[PDB]
Amino acid sequence: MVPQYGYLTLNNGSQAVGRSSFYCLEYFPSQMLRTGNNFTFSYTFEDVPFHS
Amino acid sequence: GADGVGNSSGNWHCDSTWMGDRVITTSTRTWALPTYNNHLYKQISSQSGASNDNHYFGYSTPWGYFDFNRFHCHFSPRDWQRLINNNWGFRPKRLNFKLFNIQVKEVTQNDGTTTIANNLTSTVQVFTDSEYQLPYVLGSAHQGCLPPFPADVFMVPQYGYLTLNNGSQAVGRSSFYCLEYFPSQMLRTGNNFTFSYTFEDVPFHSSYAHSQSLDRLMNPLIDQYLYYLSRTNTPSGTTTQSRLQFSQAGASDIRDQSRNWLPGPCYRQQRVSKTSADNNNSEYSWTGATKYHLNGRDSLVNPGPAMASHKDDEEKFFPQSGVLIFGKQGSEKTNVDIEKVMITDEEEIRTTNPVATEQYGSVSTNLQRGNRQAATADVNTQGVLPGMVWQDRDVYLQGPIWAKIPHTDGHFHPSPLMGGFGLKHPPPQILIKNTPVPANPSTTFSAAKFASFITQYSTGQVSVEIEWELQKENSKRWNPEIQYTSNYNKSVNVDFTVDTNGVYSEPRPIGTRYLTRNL
Amino acid sequence: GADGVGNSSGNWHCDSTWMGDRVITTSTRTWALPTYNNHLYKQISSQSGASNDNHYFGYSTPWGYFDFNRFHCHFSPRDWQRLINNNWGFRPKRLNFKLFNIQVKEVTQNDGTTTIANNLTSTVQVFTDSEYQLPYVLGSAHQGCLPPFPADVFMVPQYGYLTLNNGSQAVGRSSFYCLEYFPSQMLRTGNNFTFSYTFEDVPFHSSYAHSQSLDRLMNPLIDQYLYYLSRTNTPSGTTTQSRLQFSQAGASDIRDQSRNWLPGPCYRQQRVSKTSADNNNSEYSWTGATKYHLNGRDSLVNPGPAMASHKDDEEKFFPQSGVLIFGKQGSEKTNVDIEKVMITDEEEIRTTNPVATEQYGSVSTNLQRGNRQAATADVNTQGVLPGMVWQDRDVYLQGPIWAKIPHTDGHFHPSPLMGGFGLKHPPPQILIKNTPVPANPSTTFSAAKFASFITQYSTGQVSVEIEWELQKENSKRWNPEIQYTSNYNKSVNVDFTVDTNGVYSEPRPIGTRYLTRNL
Amino acid sequence: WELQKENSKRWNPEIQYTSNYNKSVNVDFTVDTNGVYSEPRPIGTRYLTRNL
Amino acid sequence: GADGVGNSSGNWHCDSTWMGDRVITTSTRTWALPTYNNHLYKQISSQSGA
């Protein structure tokens, strides 16, 4: 099962602080896939030390 | 090739063509694949107190597989007759495998009613290993091969394998293979699957029987120039003194003639008669059987080395395990009577091979001397010696086509025991699976694995095309041969034909040795 | 290459490089060569009343020779681990041999003092036969090989050979070889010797063990289509009448399933236990041993054909002669206790090969009939039959690398018995000798041969470089393998390491079979 | 993934990760009779030895 | 470089030069090497009740 997405922000007690941010995920460009479409991307790791 | 939902992905090809060097057999069947083990691997092992010989440890898999390894898949009884009557030898060359017209069906069982509906977006995933990285099941003479008669629809068998065991417990060297871990083509409705394969060079199978035997390979008219001991003692007329004498062997005594070759090797069998009165009354099925011993467990040697089943006019008797035994149509699995089985008969090999139920020969036990009489012993098992010749077991009609030589430091004369072609790289396995479709996950997240799936199965057609190479018969024999003939007399049913109920049946085993070559 | 007195003739090369197709092992040692037999040939023969089996006739020679034929010469315990863990097979390709930094020393023993001085003008003469014109000693597992640990200096062994004999007396066909009679390079201080050699094409050694056994090569889920006799008689309830019945073999009875292959050949052994209480109390070392017989003399078959040493959970027992037995560091020649020797164990071959201490199987003795019960016999020795597969014996770490196939009309499966690579043209022998230097001849002429020589010996370095080809392991096994691991627990001494006195030692035999292939 | 190969002159053998040779009811890292995959122990990546 | 028995294989260089960006120091010494442990490896460890 694919897990649900949620995040935390600033708080005082359980009350929010004016700096706490709200992100609407509907607000980003997203590919819409019907049956018979596929999704791809590739990624290149930045140079990092070997693990020992 | 990817077509729509409404286009047909491939045509039906079932055919046989003969170019006179080559015959190309094609066959197409309809298959139905269920979901095995509820989409999950399991380990299986010998049940409880099963005997030491019967212990096993292995895994069962969700995957099915296709096996065309039986001859009658490819040949019709008439096609088999052109080959058997007209040819000395044949071997396969290259084959081709094609899957098409796949369709996946979801079934919904509610109350007593079950509705079966097309699931258009579901997939089926198929791969052929071709690097031989899996336990190779084929060649063990399992059921589940394509049916003999093209109008039949067959269920695709489940795939499982065995590994090392101690008792029913596993050993650290036992391997676990996850079939999900190989690259596999995923086929939706409107996709097809193909591959082709080329058989490595292999000796022809010999479809001929010899017109001479090793014992009798010489001119009866002319004497040899080589002496043997004709007699060992001469009478003085009061007593027989010891005087050893020699003779040239000739037509008078054939058995004494110097011979340049030896019969094939033997591993002896117990003889049982088809007439129920002649057999002993005791349980010797096991205690009397001939066996081999590995790692403290005995195993019946059912096929045995290739041997003649009986001598002249013994047709009643047959070796205990030493023959292949096929069941007649509609025969139960267990404890089935002699009338139901079809017992094959190897007697065409009498010439070069020993009778399976009798000893290779006799051998001197001791060193004679004036005061002690010479003695001999019987050799019931003979390994290969230099100058031995033998014939391989016959393939018949419904026997297996090939087998995979195990990969080992050494092996002698790779030809398999059940008959057929030993192949170091046999035709690869084709494994097929219904891709799991989950059913209605919960709204809250759970990290557990799904126990709920849509119940579904798939179906389609499968097409196998093999190209065979033929060895033509060129012989100067004057008189007619022996041919395979369907009897001329009238009958209720025709042989190799459906009955009034629609049940196809094969009346008798058809083995491939008729035409005669001189030795 | 000819240098001065002060130039060095060659560098020390001891190295291992891995190109991932190939590994190239180099090793350099320091040798010391004395003068054997006072510069003269001798004949040697069995002493006096030695038993008929022990008679021999041969010659001892002044010449020494070099043998690198043991693996641990070339591989370090860590280098041996990269190969053993990561690879299915390996074979040698080409090798190179180089001698350098030779120096000859004359020793003068006067009173108790012995002064050792350089003799600059003396020579050492070396030749490699390479036409195989000498008795080939190597491959008999003699001592005198390059030491395992590179800091050791070793004495070069004396060369001698055996020929035909009757008793201790020679036969007219026995050959005498004079090693002075071959072309040989003479090396003074500042000369070096080289040659290179290319191994003929040879099968890889199999460093893998099987994850299946011949007994269990089939799908447990699916029944066979081949019947066997399940039972031979049926009850009438007053008595059991004789009625023979058939069954298809399946998961329920595995032992009855038709199998397409047979285990390897056996020549039976006597079983002895490492626990001193279980063994019988009698002298059966010889009278009970398994032997072969040539020309009226028995010979113990120590190596035997390759066989599993014991069945499941038998690890206590081992075959009488059937295994290779190595001594621990600092073990005496004779009558040494079980704790001193290191006994190798072949159990990784259980799958394809019979247990050395038990019989191949059972065979029907007689023809049954209504009035006589069937009987069977045990086969304690089995020659090769068609359709048999087997594994070759394992090479270990300190076992020999190769052997020379004798040149004969025929031979079967040339792989040697001690393990290693059968080579029709093995690496040639390198023989080395101190050239004789006479001492102060008399002023008057005498035609007699010199009995007086300068006492001297030589020393230098020897360098052997072998190139090995590797067969990489590509397998889909999901779960981890078995690897060779040095134990993690603390210890007084580290394994494969010098002790506080400087004595290198090898704790256990390391055989090359870990990675697992499916059969 | 990019790999850093081990080149070392150590004479004696290393320590390796080995599945135990003894018999067992279930094989490690394998499904059981019910089809439940399991991981018997954590496998950490440090075995081969470098000198400091 | 490989010389005879009588040729000298190298000269004595002991020097210091200063180029004012760089200084190049050279030093030559005479060494004497014995044979240690009688030509053989040993293991050593803390003594007893240390």
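Every number in this text was worked out from the coordinates using simple rules, so none of it is lab data. Ideal geometry is used to build each Cβ from the backbone, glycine not excepted, and the neighbour counts take in all protein chains shown.
Things to note:
- In the stretch B:285-393, a dipole from Cβ-located charges (positive for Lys and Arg, negative for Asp and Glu) runs towards its positive end, and of B:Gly322, B:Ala375, B:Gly361 it is B:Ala375 whose Cα lies farthest in that direction.
- Only DSSP H runs of four or more residues enter the estimate; each adds -39500 (n - 2.57), and after division by the residues of chain B the mean residue ellipticity at 222 nm equals -500 deg cm²/dmol.
- Residue among D:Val31, D:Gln16, D:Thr49 farthest towards the positive dipole end of chain D, charges placed on Cβ: D:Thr49
- Relative protection proxy for D:33-40, C:17-24, B:168-175, from highest mean packing down: B:168-175, C:17-24, D:33-40 (other beta-carbon atoms within 10 angstrom).
- In terms of other Cβ atoms within 10 Å, B:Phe326, C:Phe412, B:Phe149 run from fewest to most in the order C:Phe412, B:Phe149, B:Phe326.
- Counting every pair of alpha carbons in the stretch C:10-110, the share spaced more than 21 Å apart comes to 60 percent.
- Anisotropy class of the stretch B:447-519 from Cα gyration tensor, a/c 1.5 cut: oblate
- Over 25 Å (Cα to Cα) - which of C:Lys476/D:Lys5; B:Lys424/C:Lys472; B:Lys424/D:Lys5 fall in this group: B:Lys424/D:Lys5
- For the stretch B:246-322, the gyration tensor built on C-alpha atoms gives an oblate shape. Its axis ratio a/c (a ≥ b ≥ c) is at least 1.5, and a/b is not larger than b/c.
- Calculated FRET efficiency, C:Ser491 to D:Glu2, Cβ-Cβ distance, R0 = 22 Å: about 0.05 to the nearest 0.05.
- For C:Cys73, B:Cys145, the sequence from fewest to most other C-beta atoms within 10 Å is C:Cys73, B:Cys145.
- Amide H contacts of B:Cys266 (H built 1.01 Å from N, under 5 Å, at least 5 apart or other chain): B:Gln382
- Peptide C:228-237 is shielded by partner chain Cβ atoms: per residue, an average of 6 of them sit within 10 Å of its Cβ.
- Kirkwood's formula applied to the C-alpha pairs of the stretch B:480-519 gives a hydrodynamic radius of 12.7 angstrom.
- Scaled against the 2.2 N^0.38 Å expected of a compact globular protein of N residues, the Cα radius of gyration of the stretch B:311-385 reads 1.69.
- In the stretch C:182-243, inverting the average of 1/r over every pair of distinct C-alpha atoms gives 20.9 Å as the Kirkwood radius.
- Each part reduced to its alpha carbon centroid, the stretch B:254-291 and chain A end up 78 Å apart.
- When each of B:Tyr457, D:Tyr17, C:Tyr227 is scored by the number of other beta-carbon atoms lying within 10 Å, the sequence from fewest to most is D:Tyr17, B:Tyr457, C:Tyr227.
- Here the stretch C:39-169 is assigned +1 on the Cβ of each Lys and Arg and -1 on the Cβ of each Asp and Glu. Its dipole about the Cα centre then comes out at about 580 debye.
- The calculated pair-distance distribution of the stretch B:251-378 uses every alpha carbon pair, bins of 5 angstrom beginning at 0, and gives 2, 9, 14, 17, 18, 14, 10, 7, 5, 3, 1, 1, 0, 0 percent.
- A Förster radius of 25 Å combined with the Cβ-Cβ distance from C:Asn295 to C:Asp409 puts the calculated FRET efficiency at roughly 0.85.
- Shape call, chain B: gyration tensor on alpha carbons, a/c limit 1.5: prolate
- Placing +1 on each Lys and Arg Cβ and -1 on each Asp and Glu Cβ, with no other charges, gives the protein assembly as shown a dipole about its Cα centre of roughly 840 debye.
- Share of Cα-Cα pairs in the protein assembly as shown lying beyond 61 Å, as whole percent: 28 percent
- Spread over its residues, the convex hull of the C-alpha atoms of the stretch B:335-377 is 127 Å³ per residue.
- Put the Cα centre of the stretch C:376-395 next to the Cα centre of the stretch C:104-164 and the gap is 43 Å.
- Directionally averaged shadow of the stretch B:134-183, computed from the convex hull of its alpha-carbon atoms, nm²: 5.6 nm²
- P(r) weight above 11 Å for the stretch B:424-467, C-alpha pairs, percent: 81 percent
- Between the Cα long axis of helix B:77-86 and the first principal axis of chain B there is an angle of about 30°, rounded to the nearest 10.
- Panel values: the stretch B:357-505, Kirkwood radius from alpha carbon pairs, Stokes-Einstein at 10 °C and 1.306 mPa s, translational diffusion coefficient 64 µm²/s.
- Over 21 Å (Cα to Cα) - which of C:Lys340/D:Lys9; B:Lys105/B:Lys433; C:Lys98/C:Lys328 fall in this group: C:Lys340/D:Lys9; C:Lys98/C:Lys328
- Volume per residue of the C-alpha convex hull in the stretch B:233-279, rounded to whole Å³: 266 Å³
- In a reduced charge model with +1 at each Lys and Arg Cβ and -1 at each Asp and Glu Cβ, the stretch C:440-519 shows a dipole moment near 280 debye about its Cα centre.
- Contact order, relative form, for chain C: 27 percent (alpha carbon pairs under 8 Å, 6 or more residues apart, mean separation divided by residue count).
- Chain A: projected area of the alpha-carbon convex hull, averaged over directions, in nm²: 8.6 nm²
- Mean silhouette area of the stretch C:99-244, derived from the convex hull of its C-alpha atoms and averaged over all directions, reads 25.7 nm².
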